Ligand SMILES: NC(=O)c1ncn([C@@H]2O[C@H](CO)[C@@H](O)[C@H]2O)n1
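Okay, so here's just one chain, in structure tokens, the form deposited without the named molecule.
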């Protein structure tokens, strides 16, 4: 060890991962022919009756290419230092200090409905008493917790997967594409959660005052978040391609440094962060390969780290171009980050050619709305920019996030259910989606009378040829409940 090459990367060891999933969670809501150009669940492999394409394995090899691509340049050192200082300083000024997380708390915080990853590849709930891990997962948890408390290092092992999600038809029938997922190992999950849960909680409570929006409620917080952004003259979205795979570990380490420094157990958190950022072992089935660069997006606290790296790079490009100090940029701007997702608003008069070039030089791949070459565009209205998959809309009552007509139509055409081979199958279960149907009514209401009425029809049929019968409210009642609703819970 380590010798040999897979998908352009060094092989470190034999693989333990289970075969890639061959099934989808999405079921058609009806037997009718799907409208043309309609989204469908992502490609399912050699058994996919819709097309003859490559193996899931090959598809995965295609996803791994960007990770052997040469890295971009580091932003100038003085700028990088200055923005990191300003960011850490802003977080010191805003974050409520936290108590350390117990092993019990770290264990509780983990999603019990996903895999434990290496080495047991077992749904976490299978070994979960309701308050602790027993059996195989108990051994793994307890050992990792011990390593944590002794400040001892452990090599993380990630398990590769491909995301089951609705994609545009060309990704199925033209050039096939399915998105890479990093499945973290339980040990790592426990260590990361104990180390960084305090930081991430402090950050969530602060997701309106600070640009990292993880843990926000779109309906509850969106109005205030977007009103903040609207206080500034210029608005933009760089719309990055392949964000995760274009990351530099060096940038990620500076992001990690801030997280460590701002944790209640910095010395123990350092050991964990150092493990997270070291050349990553990724299990692709037959092999474990070494992934030296890009984001290892497996963990609990991965989204925060990534959003922090994003904050760094955005401030770097802006400071480099405007020549204004990072702290002053921050008093002339409002940012929203959520992993690769962003809105940047500023009063600063930004040279968009120079800004785009700076981003490209860092190895990032920003893209124009029209998908043609040239500089990123800026506008003087927020209307038309999106965030967390919602369009930002403003009227006489304020700002808010609204799901577009295409996405509402999509959720009406598909429903989540158990895993199965054929997406076009109907879920014969009568299919009770009551809470979901309600939210969908809410989204449609925000589009007007005409649109709401058509969705209300489809929602009725879908509840008619189903179990329960619920009242379908008037437009003006549900509109009032989504926009201003005294709280979220239950109907208008």
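In this text, the rigid core denotes the largest set of C-alpha atoms whose superposition between the two forms falls within 1.5 Å. Positions refer to the first chain, counted from 1.
Between 249 to 257 and 381 to 389, the larger root mean square Cα shift in 8 other deposited structures of this protein, once each structure is superposed on the rigid core, falls on 381 to 389. Put simply, when the other structures in 8 other deposited structures of this protein are lined up on the rigid core, the C-alpha atoms of 362 to 370 lie farther off than those of the other stretch, from 362 to 370 and 234 to 242. Coverage remark for residue 58: present in the model in all other entries compared whose chains are built on both sides, leaving no third without it. In at least a third of the other PDB entries of this protein that model the residues around it, residue 469 has no coordinates. Of the two segments examined, 351 to 359 and 310 to 318, it is 351 to 359 that shows the higher average Cα temperature factor in the deposited entry.
In this entry, 413 to 421 has the higher mean Cα B-factor, the comparison being between 413 to 421 and 340 to 348.
In the PDB entry, the Cα temperature factor peaks, among 259, 299, 79, 250, at 299.
Sort the modelled residues of the chain by CA B factor and residue 375 lands in the highest third.
Compared with the other modelled residues of the chain, the Cα B-factor recorded for residue 290 ranks in the lowest third. Among the modelled residues of its chain, residue 211 has a C-alpha B-factor that falls in the lowest third according to the deposited record. For residue 101, the recorded CA temperature factor ranks within the middle third of the chain's modelled residues. Remark: residue 94 belongs to the middle third of its chain, ranked by C-alpha B-factor as recorded.
This protein has a second form, the form solved in complex with the named molecule, left out of what is shown; the following refers to that one.
In the modelled overlay, the named molecule taken from its pose in the entry with it bound makes no contact closer than 2.4 Å with any backbone or C-beta atom of this form, which marks the pocket as open. In the entry with it bound, none of the heavy atoms of residue 336 sits within 4.5 Å of a heavy atom of the named molecule. Not displayed here, the named molecule is approached by residue 295 to within 4.5 Å at the level of heavy atoms in the entry with it bound. Taking non-hydrogen atoms only, residue 388 approaches the named molecule to within 4.5 angstroms in the entry with it bound.
Taking non-hydrogen atoms only, residue 340 approaches the named molecule to within 4.5 angstroms in the entry with it bound.
Checking 300 to 308, 74 to 82, 317 to 325, 354 to 362 against the named molecule in the entry with it bound, the stretch whose residues place heavy atoms within 4.5 Å of it is 300 to 308.
Just one of 127, 265, 244, 275 comes within 4.5 Å of the named molecule in the entry with it bound, counting any heavy atom, and that one is 244.
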